[PDB]
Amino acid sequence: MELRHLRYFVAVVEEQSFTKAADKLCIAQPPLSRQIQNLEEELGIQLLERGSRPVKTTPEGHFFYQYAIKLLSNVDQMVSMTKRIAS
């Protein structure tokens, strides 16, 4: 699992759309969908209700989502601070 998977997943959850998330991340929809599938397959879980319109998380999916946003925020803080040290 990579940060890309988390960033893609968060965008899908927030936009409630695979296409709209793809637009926001400046990528095509098909690879985005494949990456989220890859994430679910790696974890051995369903993060999203399959076939849900608009896109809705499963309970474990929403749990994962809430911790994913926390982690991505921490990444941003880490990178920002480390850069500020060197400059």
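Quick note: we count residues from 1 along the sequence shown, nothing fancier.
Between the stretches 50-58 and 37-45, it is 50-58 that shows the larger average CA temperature factor. According to the PDB record, 20-28 carries the higher mean C-alpha B-factor of the two stretches 62-70 and 20-28. For residue 7, the recorded CA temperature factor ranks within the lowest third of the chain's modelled residues. Among the modelled residues of its chain, residue 14 has a C-alpha B-factor that falls in the lowest third, as given in the PDB entry.
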